[PDB]
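Working notes for the structure below.
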Amino acid sequence: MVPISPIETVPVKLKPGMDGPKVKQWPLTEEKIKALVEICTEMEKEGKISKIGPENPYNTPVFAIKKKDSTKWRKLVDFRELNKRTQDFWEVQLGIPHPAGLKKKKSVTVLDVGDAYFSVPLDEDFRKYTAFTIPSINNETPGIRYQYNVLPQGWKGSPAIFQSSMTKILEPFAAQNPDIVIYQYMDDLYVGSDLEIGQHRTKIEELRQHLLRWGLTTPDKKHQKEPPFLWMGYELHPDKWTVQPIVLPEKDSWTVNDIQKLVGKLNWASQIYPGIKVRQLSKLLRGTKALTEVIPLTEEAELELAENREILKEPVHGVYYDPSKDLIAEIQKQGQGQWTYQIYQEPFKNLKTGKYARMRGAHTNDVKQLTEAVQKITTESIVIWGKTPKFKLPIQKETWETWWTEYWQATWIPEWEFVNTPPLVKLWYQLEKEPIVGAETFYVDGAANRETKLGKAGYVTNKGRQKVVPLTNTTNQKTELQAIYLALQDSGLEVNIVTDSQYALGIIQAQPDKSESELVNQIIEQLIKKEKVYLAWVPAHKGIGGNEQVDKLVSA
Amino acid sequence: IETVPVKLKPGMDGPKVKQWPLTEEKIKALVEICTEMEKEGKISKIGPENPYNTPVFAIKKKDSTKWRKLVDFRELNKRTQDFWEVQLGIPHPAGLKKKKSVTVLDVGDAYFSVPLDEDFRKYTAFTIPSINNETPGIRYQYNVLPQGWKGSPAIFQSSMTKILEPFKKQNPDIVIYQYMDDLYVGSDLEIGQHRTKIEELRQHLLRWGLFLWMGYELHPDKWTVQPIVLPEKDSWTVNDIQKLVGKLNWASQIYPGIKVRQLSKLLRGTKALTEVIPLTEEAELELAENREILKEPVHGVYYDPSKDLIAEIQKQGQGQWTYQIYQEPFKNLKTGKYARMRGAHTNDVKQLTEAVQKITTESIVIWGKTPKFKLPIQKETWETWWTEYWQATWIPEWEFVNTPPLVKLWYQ
Ligand SMILES: Cc1cc(/C=C/C#N)cc(C)c1Nc1ccnc(Nc2ccc(C#N)cc2)n1
Ligand SMILES: NCC(=O)Nc1ccc2[nH]c(=O)[nH]c2c1
Ligand SMILES: [Mg+2]
């Protein structure tokens, strides 16, 4: 006997105040019982389970399933009840690696660890909770009772405990072999390196020897598995990666569910295929939720779809990360709140692509959206590469400076350079900081009756220009905007506007270039045509001249 | 030695807080620091049976070549029991803010000499993440009192009192106040003498059984404030008068006696914004009466230790920031303004982060607690950048203002 190091057990507890499962065992056919007896007999021989006495109060149901078409039975224990009662664990495999963060490898070998998979010992004190019963033939004898000595398949703590145990075993090998990488997925280990094939092969044997110290055998028969690997929806190749094939279906009629599937594929595709757009297609999914309901595709959605098909016509691949080179991120505006980006090191070879969509809200502008896209790409890049890319942005340096210096919020974007690739992000208007000499002064107001919803909006000016418009189906807030709109509409290229509306100031000081409000949009259109606009606020009902007059007129 | 038992408040589990993404340089720094700490027995690796997490990162303090581990214990601190039994409270010295110089020392390293209660250690779990999650995050918990944790100053307090005994009896005028990992030492004496006494204080800690060398000098007696002030002008435009009436209307929510009636009538008629309006003598009297009112303190302003402090900040432009600290609206316990630079001239977010730190420091000196911030910035922008500029060993609470305040105008 060659002594092996034991694997230390992780201490496990039930959730506070909870006891173990007591669940009735289903009756089974005579054939299932016999097959389970045989399976458990074998498992018992290997030390995976042990027979127990009647004293253990616990039970979990056991099943037997024949695969599809076949004569072979396998044992399935239904752990649902025990899982509800088992403590939460630290889960490591959250946050899977992104292929674009991986490094190219000359060789990647797969090692079958299935032996270890079913061999990790279970905490001695927790074993009683895993009890199960094979029903007896005809129910004329007590059922055969067993509990697990090892991590059971399907138990809540099995994946975390297996991963942590394997990791601890592998740690010294990884540390003392900085020239390889090791990754564990299911019952396999993947070992890559850049070593010349002889040295690589030697590292693999050494790893097999290292694992032997815990008694973990790997088959002499070497893995049929070779690159490319199909993993987590990706194809990984030694020098490149892509997403697994994406084929958009041909359809005469589109179901809600069909459209959800389409968007899913497109979203998945967008991390490599540059320029993917989901806006119009996603719109069709609003409200509803009835899965089998068919929707007509709008002309816009048809167009988006056709554009996507073109983008998807042939395979595209990403390259891997070279830590010795800068990361560059370039962003383009696509229209309708849509933004697309590429991240690369060398020109024309992307590591990855992606998209950003405008956040929901009443009012917005391109600069805010661009800023949000930058922050998102920044955060994604920290995750994947541990660093911020240098940005190439379709906005002039002077535009950005004018923006951030005058914007009411603190705002910043990291190191970036202008790339001239229309459409450019620009400021459509900027209001004056001081009142304009020589420019006509419009005092605006509006009011509405909450009940009848009748209202008025208008202005009076220092030149004695005046307007009042009667309005139906309106609110006080709408009349306040309407009044500003009228002053813009009726003034020359330079204008001073005086309003008491805190609501309107709040919106305009947010500097929107687009709005869900038709009225805000009309105001923006008017601002764009002006040379100079000064907007001044005053408190209502203070006896402020020209403000009180117009207030009088618009009230009743 | 011989740990004090600690518990979470009743009906709550330990923190599970996601580790946020860390740069390569911060990860490398943390791996190095933690390897040493593990060697020193301060922390130990943990297993998958520990579900808990608290975020960690690393900072660079003022003029230093070395990273400092910073754990964000904000969630754990909320969930940790308040400290009552032996110490019922730390009545806050009101004299600290009056001192000519207050130096801030990082004393946090002293905490590592006290073992942490064995049943509570699991709640201190933290993770060093790996780039692109390529290798499993390195999981640790504390064996001793962690820096940044609420319980550490509470638990260490008896040791601290004994340590500083000879310095205090020797230096009776010197005010020493402790908040989290910081010690605040005030003195009214000459700055060269002050530094001498500070270095004298270091030795007490240094000579005992062991970023302490550092110090951060404040002069709270020079801390200024911002009364409401109105323009003094020879010629007022219609616009000037509108801005004045607007400012006075706002002020009248604070100071009740304020009147706009006479001033508002200067605006009679519909006039060009830039036209100059002579003040009527009744307008001048009203303005005069208003000025006098604004020279007085706000009425019924008092600090309540049972209530949160709230801090609002406005960007004034050109590196200028104004702020107010209050409990109830319109009762400001402190107002202030920073015209400062300290780099950051091209970076708004850096400036804001520095303002947040300064205001928190002022808050700690004055009330002995940190305020809750209302920050003029989008969540995503703040959350992406603030850790890059953070120099402080504590972190306050914040929320985000998405709607531009009209009152920025009146603090300008
Ligand atoms: C995450 C991961 C998944 C698999 C495999 C999962 C599966 N199935 C295999 C390995 C070795 C890794 N780990 C790492 C770490 C750093 N660089 C790389 N680069 C890299 C990986 C695979 C190929 C290929 N072909 C090329 C380069 N892999
Ligand atoms: N006085 C009006 C005005 O300066 N408007 C304006 C509009 C768009 C701009 N883009 C800039 O970089 N500066 C701008 C200024
Ligand atoms: Mg009105």
Side-chain angles (χ1 to χ4, degrees), chain A residues 93 95-111 174 180-186 188-194 223 225-242 318-323 367 384 395-406 424-434 436 439 443-448 455-458 476 479-480 483 493-494 498-504 511 513 527-528 530-534 538-542 544 547-556, chain B residues 130-136:
Chain A
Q93 181 54 260
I96 89 166
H98 195 286
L102 304 181
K103 274 58 62 178
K104 70 195 303 178
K105 298 295 165 194
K106 271 91 181 180
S107 318
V108 178
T109 309
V110 188
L111 249 192
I180 73 178
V181 295
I182 302 173
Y183 170 78
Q184 175 222 322
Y185 183 58
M186 307 311 293
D188 299 303
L189 291 185
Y190 297 82
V191 179
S193 75
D194 291 331
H223 241 118
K225 302 302 189 157
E226 71 285 53
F229 303 114
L230 304 183
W231 175 77
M232 303 301 281
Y234 301 109
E235 289 176 21
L236 302 178
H237 299 251
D239 61 350
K240 67 188 181 286
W241 74 273
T242 189
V319 291
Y320 290 123
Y321 179 53
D322 176 352
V367 181
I384 296 170
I395 184 181
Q396 295 258 40
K397 282 279 167 180
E398 174 181 0
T399 299
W400 173 248
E401 170 141 288
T402 302
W403 166 253
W404 75 259
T405 55
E406 303 301 334
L424 300 188
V425 175
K426 47 173 278 176
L427 307 186
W428 290 92
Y429 60 88
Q430 289 289 277
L431 303 192
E432 297 306 303
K433 294 197 205 60
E434 296 294 324
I436 309 146
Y443 291 84
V444 311
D445 203 5
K456 301 179 182 175
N476 290 276
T479 66
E480 296 171 359
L493 294 165
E494 309 196 344
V498 182
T499 180
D500 68 34
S501 172
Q502 302 180 227
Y503 169 70
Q511 316 203 46
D513 64 26
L527 292 173
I528 285 166
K530 299 306 186 183
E531 289 167 5
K532 294 182 177 180
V533 182
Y534 181 73
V538 298
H541 304 309
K542 287 315 199 173
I544 290 177
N547 177 268
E548 51 162 356
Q549 283 87 340
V550 68
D551 173 83
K552 179 82 196 158
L553 298 169
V554 305
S555 282
Chain B
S130 73
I131 296 179
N132 196 31
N133 307 112
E134 283 174 4
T135 57

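Note that these values count all heavy atoms, side chains included, but never hydrogens, waters or copies made by symmetry. Ligands are counted one by one from 1 in listed order, and the atoms in each one are counted from 1 as well. Every chain is numbered from 1 and lettered A, B, ... according to where its sequence line falls, protein lines coming before strand lines.
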Worksheet item: So is there a nitrogen or oxygen of A:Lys105 less than 3.5 Å from a nitrogen or oxygen in ligand 1?
Response: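 No, there is no polar N/O contact under 3.5 Å.
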
Worksheet item: Within the structure, does B:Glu134 bring an N/O atom to less than 3.5 angstrom of an N/O atom in ligand 1?
Response: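 No; the residue has no nitrogen or oxygen that sits under 3.5 Å from a nitrogen or oxygen of the ligand.
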
Considering only non-hydrogen protein atoms, determine which one is nearest to [atom] and report residue, atom name and distance to 0.1 Å.
atom                    : answer
atom 28 (N) of ligand 1 : A:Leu102 CD2, 3.7 Å
atom 11 (C) of ligand 2 : A:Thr402 OG1, 3.4 Å
atom 9 (C) of ligand 1  : A:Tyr190 CB, 3.5 Å
atom 11 (C) of ligand 1 : A:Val181 CG2, 3.8 Å
atom 24 (C) of ligand 1 : A:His237 O, 3.2 Å
atom 5 (N) of ligand 2  : A:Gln430 CB, 3.7 Å
atom 12 (C) of ligand 1 : A:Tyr183 CB, 3.4 Å

Worksheet entry | Sub-4.0 Å protein heavy atom near atom 13 (N) of ligand 2 |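 Under 4.0 Å from atom 13 (N) of ligand 2, at least one protein heavy atom found.
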
Worksheet item: Taking the N/O/S atoms of A:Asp445 one by one, which is nearest to the Mg ion (ligand 3)?
Response: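 Sorting the N, O and S atoms of A:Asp445 by distance to the Mg ion (ligand 3) puts OD2 first.
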
Discussion item. Can you tell me which N/O/S atom of A:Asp551 has the shortest distance to the Mg ion (ligand 3)?
Written reply: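 Result for A:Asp551 and the Mg ion (ligand 3): OD1.
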
So for atom [atom1], which belongs to [X], do other residues, nucleotides or ligands contribute more than 12 heavy atoms lying within a distance under 6.0 Å?
X        : atom1 : value
A:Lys103 : NZ    : yes
A:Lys542 : NZ    : no
A:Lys397 : NZ    : yes

Worksheet item: If you measure from atom 18 (C) of ligand 1 to every heavy atom of A:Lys225, A:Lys103, A:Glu226, which option wins on shortest distance?
Response: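 Nearest heavy atom to atom 18 (C) of ligand 1 lies in A:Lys103.
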
Discussion item. For atom 22 (C) of ligand 1, tell me which residue out of A:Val108, B:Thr135, A:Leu189, A:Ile96 has the closest non-hydrogen atom.
Written reply: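 The residue whose heavy atom sits nearest atom 22 (C) of ligand 1 is A:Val108.
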
Minimum heavy-atom distance between [X] and [Y], given as atom pair plus value:
X        : Y        : answer
A:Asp445 : A:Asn547 : OD2-O, 4.5 Å
A:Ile436 : A:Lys532 : CD1-CB, 3.7 Å
A:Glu432 : A:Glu531 : OE2-O, 4.4 Å
A:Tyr503 : A:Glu480 : CB-OE1, 3.9 Å
A:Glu401 : A:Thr405 : O-OG1, 2.7 Å
A:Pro97  : B:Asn133 : CG-O, 3.6 Å

Item to complete: Return yes when A:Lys426 approaches ligand 2 closer than 4.0 angstrom through a heavy atom, no otherwise.
Response: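 No, A:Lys426 has no heavy atom closer than 4.0 Å to ligand 2.
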
Practice prompt. Using a strict cut-off of 4.0 Å, indicate which atoms of ligand 1 neighbour a heavy atom of A:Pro227.
Written response: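 Going through ligand 1 atom by atom, the ones under 4.0 Å from A:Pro227 are 25 (N).
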
Worksheet entry | Intermediate values then yes/no, side-chain contact (heavy atoms from CB on, under 4.5 Å), A:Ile395 and A:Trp403 | CA-CA 11 Å; A:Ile395 184 181; A:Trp403 166 253; 6.0 Å; no

What atoms of ligand 2 come within less than 4.0 Å of a heavy atom belonging to [X]?
X        : value
A:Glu531 : 2 (C)
A:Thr399 : 12 (O)
A:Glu398 : 12 (O)

Practice prompt. Consider every N or O of A:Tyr429 and every N or O of ligand 2, then say whether any pair is closer than 3.5 Å.
Written response: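 The answer is no, given that A:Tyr429 and ligand 2 share no N or O pair closer than 3.5 Å.
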
Worksheet item: So is there a nitrogen or oxygen of A:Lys532 less than 3.5 Å from a nitrogen or oxygen in ligand 2?
Response: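 N/O-N/O distance under 3.5 Å: no.
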
Worksheet entry | ligand 2-proximal atoms of A:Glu432, by part, heavy-atom distance under 4.0 Å |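 Side chain only; the backbone of A:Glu432 stays clear of ligand 2.
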
Practice prompt. Answer side chain, backbone, both or neither: which part of A:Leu427 comes under 4.0 Å from ligand 2, heavy atoms only.
Written response: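 Both of them.
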
Item to complete: Report the C-alpha distance between A:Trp404 and A:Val367 in whole Å, list the side-chain angles of each, state the deciding distance to 0.1 Å, and finish with yes or no for side-chain contact (heavy atoms from CB on, under 4.5 Å).
Response: CA-CA 10 Å; A:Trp404 75 259; A:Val367 181; over 6 Å; no

Practice prompt. Kindly determine whether A:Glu235 and A:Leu230 satisfy side-chain contact (heavy atoms from CB on, under 4.5 Å), including the steps that lead there.
Written response: CA-CA 5 Å; A:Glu235 289 176 21; A:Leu230 304 183; 3.8 Å; yes

Discussion item. Are A:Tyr190 and A:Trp231, when compared by the centres of their aromatic rings, separated by less than 6.0 Å?
Written reply: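 Aromatic pair excluded; centres sit 6.0 Å or further apart.
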
Practice prompt. Give the C-alpha distance, both sets of side-chain angles, the deciding distance and a yes or no for side-chain contact (heavy atoms from CB on, under 4.5 Å) between A:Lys104 and A:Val319.
Written response: CA-CA 8 Å; A:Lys104 70 195 303 178; A:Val319 291; over 6 Å; no

Worksheet item: Does some non-hydrogen atom of A:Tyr320 fall short of 4.0 Å from ligand 1?
Response: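 A heavy atom of A:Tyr320 does come that close to ligand 1.
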
